[PDB]
Structure formats: structure tokens, C-alpha cells
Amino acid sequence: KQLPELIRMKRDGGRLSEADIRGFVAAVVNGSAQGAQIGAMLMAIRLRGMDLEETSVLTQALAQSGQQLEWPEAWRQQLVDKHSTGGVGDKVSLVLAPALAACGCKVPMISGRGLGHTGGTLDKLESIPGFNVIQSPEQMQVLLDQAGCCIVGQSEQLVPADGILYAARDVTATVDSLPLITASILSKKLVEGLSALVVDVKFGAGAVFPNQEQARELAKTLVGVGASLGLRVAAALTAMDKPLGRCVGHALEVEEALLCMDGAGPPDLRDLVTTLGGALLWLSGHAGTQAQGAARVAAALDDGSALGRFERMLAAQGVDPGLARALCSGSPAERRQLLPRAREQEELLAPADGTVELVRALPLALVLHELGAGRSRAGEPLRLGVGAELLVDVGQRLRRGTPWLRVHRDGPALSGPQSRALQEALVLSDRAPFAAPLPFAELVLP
């Protein structure tokens, strides 16, 4: 079947055969599938869905569209990874990859760019001058040899079909598809040759699933399809009454990740890194319990070894050694200097007295997207200095006129609608001040 008939089948709510799916994926890889045919297929899938068998075949076809990664036998047990479905201000991966390398693991992370109103690890890393996200299978061997970790993107050799579709999904309103997400995440992790995978599936607005049960179905699908494809997968269901940490953006999130690797940073960020890291170390058999693993990851954050591994990864992936060292050993203020900065800053002030009940992630994601932190079309460059910093904690009592959000923007102003959208993100109440709740994190186990 040529492309037009395959689209028509799915458009009508028909099931696509193994041959059909593999044919479409082949056409995507070789360029036969034109843009409009990719967008129409994606939308057909988004509106008409796929059953488990279709989803499973799509995952295999995307994985097999490039090369499978092979590693020394001695590494087989050390190979672990973590993936997120997406979360606003989630920079766990920047910290967790080098922290796990410091715990004697190997992390061959194939990651992703932005997707809808959620930022991607690859875009965050590109705020570091010279960082190269495109790395060959053999170069990835060297990186894992040098730093014990790497964070790379899809390319012509690695899951090229996911790269194409992901880039198109971002900008065509086809991100929030269960079969597409499953195939996208799992294809990348399948080619990595892992002993264990943890996938962090978050819910609550901002997220791909504003609802716990919805997200639960995705978590169970990821684990079920994962297992049927030979991979040891666990999911973590996570929720928050705020963005993760204080920084949303790209350069800003690198900065906060560096804070965490200093043994500092916000507690929620550290809690999630240690929780997910420890889950992984337990899952791969490197820790007796999740709690033992979490303490092991925490220790790596505290003794400079995670930071050390991160510096090695940066230099190994194209960052100038002098800059990588200057960035990692530098103070917060020196780091700000080395990374892209937005030309302008403004602070939003608290309209009244109140306890911060919540900082809504979604309105913040949407406004930052429009300011250059997201894409309206594929391949569009980002403004990596753009972002926002939360200046208050959830549960904190604050006075009126106290700054709660600093926005970093390249233009002269927030538009009225975006100024208003950001103001409505701040939820205040009469309640007594309380400790910032640590992220919800329930495991879905193999």
C-alpha cells in the first residue's frame, strides 16, 4: 500500500496491519512520506486511535528504523535509564544521568526536544555553548566510557523515525496520543539495550494527562508493552501543586540542575531525583530497596561526584573543557554569565496577603512557549534565555507587593493576556502556612 491508502484506512477507524505500519515507518525514514502525509497520518491516529497490537508494532518499527546499540558484556547490568512523559520544569534527567553514572551505572540516554508546551532535555542542554546532541553509536561508547553517561537525540542512525514524527507531533497537536507516546518513549529505550527502565508519568494540568487514572492507563501500557518487548520497565505516577523546582525554561533549568548537583537546590527536585534514581537502582538490582538506592543517589549529589560526571559528559559531547569546568565549579552568578540570558526581566507581585496554595504550571508553560521557549513550527530555534523563576514556595505566607515570579523575556513586555494568564497561575488562600509537599510518586511495577 502506498501512503494515501494507509492514511485512508486509519482515517476510517480501520486497523493497520504489521505490513502497513512498517511500510509507513519505512516511507517516513527514506523521505517518501511527505510532510502533509506525516501530519495526516498522525492526526488520523490521534483522532481514531490504535489498539495494543498496532501500538506494539509501531514501537518495534520505530526502534528498528535505525541501529540497535550494542555494548560490552561487562556493562549489561550497569545499563539503566529514566524517561519522562513530560512535566513543566522537570529537569530530573540533567541531574539523574550523571548521578547514576557516579553510582557506577551506565546511562545511554536518548532523549527529546520540546513537545507542545513542555520543554525537552535536548533543548535545555543546547543552552550550553558547544553541546552536541547528535552522537554516533560508536561515539556513545566513548561517552559511556568517559563519563558513564550521555544525553543524545534521535538521528539518522538512532530511531530516525521517532525523530521525524516527534518533531511533527510537537507542532500538529498530535502529542497527546497514547499509542504515539508509548511507541515514542519505548522505541528509544529499546535500542539502548538496558537492564532496567523507569518512566516518570506525571499528571495534573500542565501534564499530558490532567488526571491520575488517565496517566495510570499510560503507565500500565508502557510497562505492559515494554515487558512484552523484552524490557524491564517500571512507571512512576507523579503529581505536584507547582512546576518542579523554581526554574522553567532552558538555561535557567541547567542552572537549577547544577544547584542540585551542588548538594543544594529545591527539595522537590532533589526528592524526585533520589526517588526515581533509587527506584531504578532497586529495579536493576544495584540496591536492596528503593530507600537504599535513594540514599546512594543523594550521596552522589552531596560529594560532588554527580557534578564531576556531568562535567565529563559536557566536555565529551563538544563543550569546551575550560567552559565545562568553569560552569560546573562556578558560583550561581558565574553560571548565569556563561549561559544565555534574556535581555529583559520583570517581576510579578502578589496581589494580596495569602498562603501560596498552588502555582499552576499550565498557564506558565503556555506563556513561556509564546515568548520563545517553545516552537510553532518544526526546526524553529528557541530563545534559550527565556523562562521564569518562582520566587516563593507553595505553602509560604506572603505579603502583597512581594515578588512571586520573575519572567525572563527578550521582548519589551508581556502582552495583557499573557500578563493576566501568569497572574491567575498564583493561587492564594486564607489557610495557615504549611510545608511544601514533596512530589507524589507511586510506582507501577513489572
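Residues carry their position along the shown sequence, with the first being 1.
As recorded in the PDB entry, 436-444 is the stretch of 1-9 and 436-444 with the greater mean C-alpha temperature factor. In this crystal structure, the stretch out of 42-50 and 66-74 whose C-alpha atoms carry the higher mean B factor is 66-74. The entry assigns its greatest Cα B factor, within the set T274, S195, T355, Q317, to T355. Residues shown: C149, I134, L165, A287. Highest C-alpha temperature factor in the entry: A287. Looking at the C-alpha B-factors along this chain, the one for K82 belongs to the middle third.
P108: CA B factor lies in the middle third for its chain, per the PDB record. Looking at the C-alpha B-factors along this chain, the one for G330 belongs to the highest third. Residue-level temperature factors show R383 in the lowest third of its chain, judged at the C-alpha atom. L390: CA B factor lies in the middle third for its chain, per the PDB record.
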